[PDB]
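S.K.: Chains as they are written, first to last, in PDB author numbering: chain a, 1 to 214; chain O, 2 to 243; chain F, 1 to 199; chain N, 2 to 232; chain M, 9 to 239; chain Q, 6 to 243; chain S, 2 to 213; chain L, 4 to 237; chain D, 1 to 201.
Provided herewith is a single structure, encoded as structure tokens, for subsequent inquiry.
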Amino acid sequence: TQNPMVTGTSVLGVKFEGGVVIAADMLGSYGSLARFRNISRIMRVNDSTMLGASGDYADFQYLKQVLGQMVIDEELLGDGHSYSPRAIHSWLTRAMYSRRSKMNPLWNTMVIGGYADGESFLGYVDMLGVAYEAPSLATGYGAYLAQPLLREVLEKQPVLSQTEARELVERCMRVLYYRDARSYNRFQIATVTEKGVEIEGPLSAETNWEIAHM
Amino acid sequence: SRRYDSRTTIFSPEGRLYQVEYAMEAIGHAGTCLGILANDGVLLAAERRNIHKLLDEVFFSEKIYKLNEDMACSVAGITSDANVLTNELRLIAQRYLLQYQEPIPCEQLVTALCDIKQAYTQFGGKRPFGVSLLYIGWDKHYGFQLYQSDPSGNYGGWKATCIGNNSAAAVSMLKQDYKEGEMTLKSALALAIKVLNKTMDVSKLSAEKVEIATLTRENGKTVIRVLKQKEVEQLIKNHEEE
Amino acid sequence: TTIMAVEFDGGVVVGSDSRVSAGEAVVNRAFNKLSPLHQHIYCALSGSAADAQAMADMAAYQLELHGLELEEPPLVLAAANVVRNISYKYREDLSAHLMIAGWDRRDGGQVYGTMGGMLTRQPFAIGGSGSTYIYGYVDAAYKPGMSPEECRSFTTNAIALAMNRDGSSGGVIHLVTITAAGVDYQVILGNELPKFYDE
Amino acid sequence: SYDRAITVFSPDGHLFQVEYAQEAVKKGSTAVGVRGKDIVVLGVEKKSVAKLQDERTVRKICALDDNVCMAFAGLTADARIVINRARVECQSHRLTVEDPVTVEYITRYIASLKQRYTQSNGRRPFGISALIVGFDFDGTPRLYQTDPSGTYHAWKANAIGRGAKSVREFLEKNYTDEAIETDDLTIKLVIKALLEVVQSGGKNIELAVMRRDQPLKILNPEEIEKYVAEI
Amino acid sequence: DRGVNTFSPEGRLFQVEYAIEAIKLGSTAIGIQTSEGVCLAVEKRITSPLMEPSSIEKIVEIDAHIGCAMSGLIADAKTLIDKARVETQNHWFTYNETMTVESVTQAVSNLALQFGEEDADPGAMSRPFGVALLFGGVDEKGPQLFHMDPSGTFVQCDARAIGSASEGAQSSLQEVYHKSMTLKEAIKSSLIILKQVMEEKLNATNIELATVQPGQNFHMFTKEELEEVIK
Amino acid sequence: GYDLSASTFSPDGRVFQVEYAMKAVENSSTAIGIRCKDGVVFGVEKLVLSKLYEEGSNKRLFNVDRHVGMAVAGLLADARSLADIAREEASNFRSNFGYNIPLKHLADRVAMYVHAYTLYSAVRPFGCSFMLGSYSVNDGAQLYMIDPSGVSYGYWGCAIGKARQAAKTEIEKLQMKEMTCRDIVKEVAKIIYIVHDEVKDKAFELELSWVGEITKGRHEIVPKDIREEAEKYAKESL
Amino acid sequence: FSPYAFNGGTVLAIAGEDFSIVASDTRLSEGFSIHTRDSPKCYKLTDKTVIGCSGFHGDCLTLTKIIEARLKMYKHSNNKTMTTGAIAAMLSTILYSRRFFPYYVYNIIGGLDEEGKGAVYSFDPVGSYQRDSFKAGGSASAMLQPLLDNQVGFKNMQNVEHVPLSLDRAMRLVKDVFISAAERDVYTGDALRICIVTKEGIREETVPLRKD
Amino acid sequence: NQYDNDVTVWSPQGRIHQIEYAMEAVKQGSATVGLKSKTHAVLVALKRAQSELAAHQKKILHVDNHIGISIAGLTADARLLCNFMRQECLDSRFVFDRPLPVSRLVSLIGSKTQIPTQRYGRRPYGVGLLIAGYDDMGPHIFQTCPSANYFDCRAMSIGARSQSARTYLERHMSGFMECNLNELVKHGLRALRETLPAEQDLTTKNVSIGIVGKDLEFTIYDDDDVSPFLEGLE
Amino acid sequence: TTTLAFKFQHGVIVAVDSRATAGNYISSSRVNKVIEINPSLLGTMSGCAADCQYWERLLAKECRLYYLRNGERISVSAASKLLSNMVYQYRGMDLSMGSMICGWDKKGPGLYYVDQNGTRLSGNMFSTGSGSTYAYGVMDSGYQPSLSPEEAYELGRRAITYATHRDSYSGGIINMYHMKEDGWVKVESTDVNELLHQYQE
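Written out as structure tokens, the structure is:
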């Protein structure tokens, strides 16, 4: 849209051995005001794909409705063919780019997580159409606050397990709550593996305020 | 649907357009109109067919329409069609005046309506206009003029012509009596009554059965005017004496 | 403008102020901001008067046809979806939030927020320019399992607190309780409004 | 909008509508064109010449431009449309190429428009045939002929309309280099060729010539009468 | 009455079959493909001595390396000719290279069945084209000859004869053509066949001939050149 | 020629063109729909015209929505486009109101679309008849049938095809109101095998799909094991 | 709202007698951050053509997919693979089609021509293009070009043998100039992807660059 | 007589003559065979020649890297449909960055060709098709018809005297899945040769082959390239 | 960019520099600023490179199409009029193209100046681009209609050389053509620095 109304903040994404983990808080902000504190910004696309979205919530809901129908439409056919994580990432990229080219973008920065054929997928798609994939992702304020922590751990241990990736993701959420003024301490953690897409939450991070006495 | 199409605008095996030819049959049954061009003016004289005693008179005339300041026309054939065409000529003349700030020359007006008539004959699948017109006008290029057009979209300038019922007869009678260059409006009007007395099969002509507009110049201004019944009566009287 | 809707076991309680303003001038001090979209579905208008009225009328018409086609009372979610679609489609042109509250035989009493095309169901919702001043109050006063009587009191209090602080709010308090039985209106005049610290 | 196909193929690959349009050209008044050394002459029959008709309004020899003029045969109303189209095209060409169009170029345009009407939906073919004469920039005289189908050729001397064949037979056996030697002779040829069909020789023929560089000229009744006396 | 897109009981489009019948009434065109190049020869079929032989164009240049010989309803061909001309120039503008003969033929062949009278838009054809084409040119594969009819079917040919004498000319083609045939022989053989299937006495004025060889551009034979090969 | 266009009524007030389209559905394989206590079961006598065709080709059972199934008879091409139309409707409804379209509404909408091709000469009536089945906890089991004219009716048991007059009597003798999807799958299979002609129209395959409590409201092809049993109980009991 | 973004990156092409090199860094940036360190800017078009694209990554993705589709369309209608020169001419028109809402991409085509010689075509965002012997595009193009002029074109040097550029020397030059550009340009770094195009096909190579 | 001119005119027997007349066009076309094993999908067609000096007409076209077709009937319509197929495949690769599943592409064709069979003034496509492809569900052999119907088959044959090839196809289809590339191509050739006249035989002039498999893009073999497959036929 | 053209007794001289720039950065020293439309027709380019290259190539296409249709080579005046009308359809959309159309048709040598605004003028001599003012000075001071071919080449070489010396956006190589009755011929491609040093000697 031209002017985003209710928006969601950072979205985290980490690839692990046999799956992808994605986290996002459940806050819908209206400017600096935490208006909707119990909204889910993570959506399960299909059995192997999940999506987390930052930015304008209304646009995210519209994409969710359009993506949900696509998954349903293809499932009606029942021909053994189903959209893969990469295919969803590609479609999203084209959708955002088309809207950006008409000077009427969908104000969202999305993270795509998935697992197909024993291979994890983690893709980024912004409102301008800029798309790419990496071992870990972080939109909005997460790029400066969470991404550096993720890259530090991936630089020393390229392949980590589900537990390690989960613990790392929780560490980033805590830091985001501390330094991000548009964040909330109520997040969801979505995990995609061979079993499917699992969305847990609402979770909270154990915060320490020992520095106040210092 | 091809099944119900009548195929109005296609040629026949002899290179004829039947709708146009049948539109022309309509006209040869309409009330007689005749045009005569004189030195000092031009006139139209039309049989009236609206004759029933209970008809009200409310209107300028039955079959004579004013087109702009400098021209008039009379029509023969399908009345409601003639209403479409006469409204269109008024629009065409006003378009010209708007663009050039001058009255449309008489032959340019005729030609532009006839383009509309030829298009109905060639494309679009509609029946043609079942109308022939006579047009009288004065312009600065040719002065007093008289035209005839027909449903084919064909037209031609005349010294004197007739359309409608018994036109063929009127024409042979005008070929006998019309004097090139020697005609005055008085003479023209006389001849009109003579020709109209013979093309109408009611013996006594009657000034109720005819309509006569004249078109003259007075002080650099065109004057179009339907003769009143007295004048026509007198005109008839004057023929009886001959 | 301050609007509010609260859910309760068996229905909903919708309420608002009655002030229509044009800058600093009150153009209407007794305006009803609660509009019925259907027999058991209501909406609270906020933002631009013309826009809110245009959308509410549009939704009522659409829902009316929908109701007759399906030969069944429309769902509250359907009404909210009809409003959400209009609000989202014309988000750059319209400037009004149509709060949705009602009751159906499937999901009971539901309250939906459709501001800016975004749709979310909540236990209670507050909107309009005067809603900012009562955010803290509703967060500290709202308790789950509130009865209809308690919901009306909660609503009345909250709106009264907003009306006194907000210059764009004021006048009387329009109240509506929707349940299976039917719709019951109520108007709280200036002299019968809850009094708080006004010093 | 009318989208019915009027011109369609027949079992033996014949376009009936186009042939019916050619039938209309056969009933048209005879028109003769002769390409001379330094002159171009056109001559059309006047058929039924009434004494109450304004001669100047029903001329079958019009000018498309300063160097291009044309005579037609068949449906007069159809001819008017084609002539106007050509005139508009001549001014368009003069405005985009800054030069007077060549005779063949405008002939090509008219022929193309005629063909377009034999393969389009909702329309019938033009029921006319045209003789196009004129001079190109270099000075060479031209004479073309288009028909309803859209085909066109360059000629030395052609005849269209009722009696085209008769006039063609006489033109072949009368067209030589010693027949178009001088302007007068060339005009006599056209008049003599027009006398083979047009009844009551004399004022039943409409003649017009186009000498190099100058604008189209129209011979008057007495000017044509004098020519007839010499023949 | 049936529509233009009506299928017959034998699985054929009536209109297309009637359009193929129209090609048999056309003049005879011959195309021969050799290693030296491609030669095209078509009879002008002059119907009158007054008609200018240079105004009859049966062979046209599509581009520098592509020539075209048409047969049948010549006026219909013009539209396809312009399309081919535009296609090659469009290809040059976009890809900075020449279009292949096959490609040009393919593009022209795609318009063949583009006709109807119900779902079409303001500008669609109401019937198929009644003309057969012969595309001869030289690309990266060397000299090439292609033949396209009114059904949209185009195919490469070593030697092809279209027109009224198509049957008789094709027989003489297969009985006198070999893979090692030279251009000079092809030009002569085609002329020998054209003269045998022509009702008029073949000469240097009633026929056209063009060749396209590697290096050389599309070249039309002049009267002098024609005469040399006629001996 | 009173029977040449759908926009032309005959002297006795009949639209022959629509009736001719119903003749096309009459000379086709038979499909059945049964509304049980907690679901709907669809069965089609798929005629295998060739041995070259792959097992499962030319399916006459479609999924027009998550909770809706469609069984057709007549021109497969016409039926296929109607299935796409039905799918469009369901999808459009969810985007407009936010929930699964009620079967009755879906049937009414598609029927109106079908009815639209029976008033003009510009188009021809659809040459197919189909059935719509679905199941939800708030609606229960619903079964509808639409023909070429556009008439839509709700049924308990329905048959379409060349042997619908014989299959109806076989469906008649059954207590489907108290039956269940699990038990109706054997009866549907049995009934299909009964009406199927041996000599004429040889070589057929059995297509089975259901939607109800057993499948948790989702329309899907009946499981191989259950279909096996049903077909085994159909041949053994015939 | 701005529909563009500067995503950094440098592309270089060098033409030799029987080879063509197209190289680029793999950093994808936005603002002062790094999106990813593994985003190469060179795409394979055919067996003897490579394109390097830098600029707005959104347009780089879209333009490469449009060019890939046009190659297939051309092959389907002409029964042959587009030549390097035809690809260059077509790209020009594609870029000019968006002349009033232009692709923010700096393209550099590298490949072999019809005679089997190295070819390099450079482009500006709206389509103006020409054939060059060597060209640098993108973020650090003004740091690399002058060095190429002096080392490859032998500009400003006296009494120097103008020996033809071997593949070996060309490869060492590419690695050197990209290492120098990684020191000065903040947008260039991470890794260098080099594609060598010869008649045997296209082989890739990857050299690490500074990560900071 | 009054029922076999328009596609929107249902006859009294419940048939549409125009669609039946359009199917006759596929039967007049040159025969072509399509069969598949477990990892491959091949197409074999007999190329027809107008005359001895003419080139054999193309019968096997390219659609995408995993899809190929064989045509029969009106070539202009075949090229029309081919273009549509090419665009759809291109669109799928542009949007989803993956090959369009053969089955889904076939459904698009069915829908596209169904439209013209219901609208006044329009006509059915007069071309029959044989589609070979390879996606995630293995190799496929589809057969499109002029009446918008399509069948998924193990092997199929269309064109003049294709029934004889079909008869041969049905008799040897039991050992197609386990057949190898060379072996599978022979069966097709043998079946394709069954529709030919006693005198005439399959050579490297009137035979075109198109194969697409697990690890092989759809390629077409013409003349000299079909020598290997031809060498061995009894 | 500096381009010039003048008609003398022995035809038409066309000369251009070869510098392209982007801001202060010299993007190329070897750009071609003369399109060869046909054997006797040339077009110079100055302004926006993408606009010039695209519209002049589009004119070339139309010229080629004109030839095929009318069976003759388009005149210089008609070719310039084509370009003039083409760019007049986008007037005000910030196109940037100043070109000269030089050739030799049936009316002898022809030189037209056409720009993006829709200006179209016939003349004896013209100069366009950012270094045009400097070229005019030299050209006008040394122009004579009876100049010999060698003298005409020198004047052209001098005008461009001096413009590159003073104008920052001009330089590289001077490309010169000579339009004659039987077509144009490419005269030379001299590096402007080599020239300038010899002129200062």
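Ideal placement from N, C-alpha and C gives every residue a C-beta, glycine not left out.
(1) Does the contact criterion of 3 or more C-beta pairs under 8 angstroms hold for the stretch 199 to 206 of chain S versus the stretch 85 to 94 of chain L?
(2) Specify whether the stretch 196 to 203 of chain a and the stretch 183 to 199 of chain F touch according to this definition: at least 3 beta carbon pairs, one from each stretch, less than 8 angstroms apart.
(3) Sort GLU209(O), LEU190(O) and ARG226(O) by Cα distance to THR217(O) and report the nearest one.
(4) Check whether chain a comes within 8 angstroms of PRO104(L), counting only Cβ atoms and requiring the distance to be less than that.
(5) So, using beta-carbon positions, are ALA36(Q) and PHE131(Q) closer together than 8 angstroms?
(6) According to DSSP, is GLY71(D) helix, strand or coil?
(7) Quick test of the definition: if touching needs 3 or more C-beta pairs under 8 angstroms, does the stretch 94 to 110 of chain O touch the stretch 6 to 18 of chain F?
(8) Taking the continuous beta strand (DSSP E) assigned at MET100(D), which residues delimit it?
(9) If you measure from the beta carbon of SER90(a) to each beta carbon in chain L, is any gap under 8 angstroms?
(10) So if I threshold CB-CB distances at 7 angstroms, which residues from the stretch 108 to 130 of chain Q count as touching chain O?
(11) Does any CB atom of chain M fall closer than 8 angstroms to the CB of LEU93(L)?
(12) Between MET136(Q) and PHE47(Q), which are expected to be in contact by the criterion C-beta below 8 angstroms, what is the C-beta distance as a whole number of angstroms?
(13) Alpha carbon to alpha carbon, what distance is there between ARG40(Q) and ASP188(Q)?
(14) For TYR171(L) versus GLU197(L), is the C-beta spacing smaller than 8 angstroms?
(15) Taking the beta strand (DSSP E) that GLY109(F) belongs to, which residues open and close that run?
(16) How should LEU55(O) be labelled, buried or exposed, when 16 other C-beta atoms within 10 angstroms of its C-beta is the threshold for buried?
(17) Determine whether the beta carbon atoms of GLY71(L) and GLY32(L) lie at a separation below 8 angstroms.
(18) I think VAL199(N) touches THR77(N), with their Cβ atoms under 8 angstroms apart; what is that distance to the nearest whole Å?
(19) Measuring CB to CB, does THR11(L) end up less than 8 angstroms from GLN121(L)?
(20) Report yes or no: is there a C-beta of chain a within less than 8 angstroms of the C-beta of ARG65(Q)?
(21) In whole angstroms, give me the CA-to-CA distance for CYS165(M) and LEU128(a).
(22) When the Cα atoms are used, what is the spatial distance from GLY56(S) to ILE26(D)?
(23) Give the straight-line distance between the Cα atoms of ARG71(Q) and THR10(O), rounded to the nearest whole angstrom.
(24) Provide the residue(s) that pair with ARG143(N) in DSSP beta bridges, ordered along the chain.
(25) Determine the extent of the beta strand (DSSP E) in which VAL20(a) is found, giving its start and end residues.
M.R.: Put simply:
(1) No, the stretch 199 to 206 of chain S does not touch the stretch 85 to 94 of chain L.
(2) no
(3) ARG226(O)
(4) yes
(5) Taking 8 angstroms as the Cβ cut-off, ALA36(Q) and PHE131(Q) do not qualify as a contacting pair.
(6) The three-state reading of DSSP puts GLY71(D) in coil, since its state is none of H, G, I, E or B.
(7) no
(8) 98 to 105
(9) At least one beta carbon of chain L lies nearer than 8 angstroms to the beta carbon of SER90(a).
(10) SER126
(11) Any Cβ of chain M closer than 8 angstroms to the Cβ of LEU93(L) would place that residue at the interface, and such an atom is absent.
(12) 7 angstroms
(13) 12 angstroms
(14) yes
(15) Here the beta strand (DSSP E) through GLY109(F) covers 108 to 113.
(16) Label assigned to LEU55(O): exposed.
(17) no
(18) Not really, about 17 angstroms apart at Cβ, beyond 8 angstroms.
(19) yes
(20) no
(21) Taking the straight line joining both Cα atoms gives about 53 angstroms.
(22) 19 angstroms
(23) 56 angstroms
(24) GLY135(N)
(25) 19 to 25
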